[PDB]
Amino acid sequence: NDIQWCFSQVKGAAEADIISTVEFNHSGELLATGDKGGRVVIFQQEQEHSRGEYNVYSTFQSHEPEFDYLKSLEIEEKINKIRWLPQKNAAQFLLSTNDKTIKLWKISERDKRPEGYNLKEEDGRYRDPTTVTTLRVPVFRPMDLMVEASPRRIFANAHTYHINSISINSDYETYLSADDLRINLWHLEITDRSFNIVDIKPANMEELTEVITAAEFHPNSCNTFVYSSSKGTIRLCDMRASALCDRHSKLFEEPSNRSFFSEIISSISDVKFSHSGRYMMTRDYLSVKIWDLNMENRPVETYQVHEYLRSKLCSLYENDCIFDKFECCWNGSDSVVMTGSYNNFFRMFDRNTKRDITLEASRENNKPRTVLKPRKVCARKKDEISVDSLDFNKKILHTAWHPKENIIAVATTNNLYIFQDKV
């Protein structure tokens, strides 16, 4: 039943180095990570199923720090989201965003260079032009392989608030970007204008009650996208109905836990369509809920990430941990969903069996093909970990599942862990 996960790799070791996003490409051969420093590092799998290891493939500075003179505020270069485009040609393309700007990056391999000059040597040593009589055209010669990353398009100035989501449409033309109150629709080849399809900004900010937390396009349907709010609801929009999507087609929400923190913990941090697109998953602070898109009034499945914290919310509020934005992800077949927790724990929920396992991303097990031991938390029998001993600074916010294989990328604050199915 349970997948026997094994340590495969650890990469990394400073604030700038903290990983802020992890994303496999569509084929799964490339893995991208962003950090608070604005740097993108791409790892390529060795292709000598496939269980080859991932090695640094490209590295570039996606975003630079900038100052908003108009409002006298610094702009973080932190990379919030990375999204790969479907492979157009030999090159690779990904969208990279920070709070304000989305950049389209082309990553391409080059293995040849021009050679030959008329008026000088390769060394740069010039010669008298008077003696130059016969022309010669330069010829391309092989060179050691290198990978170059260049920014092809900049999508800037369109968002007043902080970008939280980018999502590519299935039509291969457009993608959305969502800040706290607006969702804008872009054409991948047009930077000078964008279409604001959703705007929940109230007339008077004193009356503000909801902010957008995440937005995603349906994997198959070109006209369907969802966005979630801080109030814990998900609105499904139909672009066919009308040009502007201020009217949702469906609203997903649930009707003894009415604590002071109920308003905080209910905020949805991440929403993910299943690969099939029939189910939708949302992560809030304490639970993962899976929605059938045909059932608005309640989820079909609910999983508790960490119940032992439900009594400690007071402490978590006092150290700001309660506002952590955890993510979730489906596996390729949509049978297992993975989400992170504290103390470098990450949680696997198998839908078919309804079984749980808790795994730890730690260097103590830094031996390849060594099986990870399931963890148990107790509020203490043999091998159980006390709740009070959990380190809340060790947060696994960002995780990524290989599109086809049982390979997962789990990012701690500083280190990126890669785990594989025992083979």
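Heads up, when I say rigid core I mean the largest set of C-alphas that superpose within 1.5 Å between the two forms. We number the residues from 1 along the sequence you see.
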Check your understanding: Between 190-198 and 123-131, which one strays more from this form in 5 other deposited structures of this protein if you match the rigid core and compare Cα atoms?
Key -> 123-131
Review point. Quick one: with the core lined up, is it 231-239 or 135-143 that wanders further in 5 other deposited structures of this protein, going by C-alpha RMS?
Key: 135-143
Exercise for review: Report, as yes or no, whether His63 is left without coordinates in at least one third of the other compared entries.
Suggested key: no
Point to revise | Other PDB entries, at least a third, lacking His49 | key: yes
Exercise for review: Count, per the entry, the deposited residues between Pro255 and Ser256 that are not modelled, and return the matching class: none, 1 to 3, 4 to 9, or 10 or more.
Suggested key: 1 to 3
Check your understanding: With respect to the deposited sequence, how many residues separating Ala13 from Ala14 are not represented by coordinates: none, 1 to 3, 4 to 9, or 10 or more?
Key -> 4 to 9
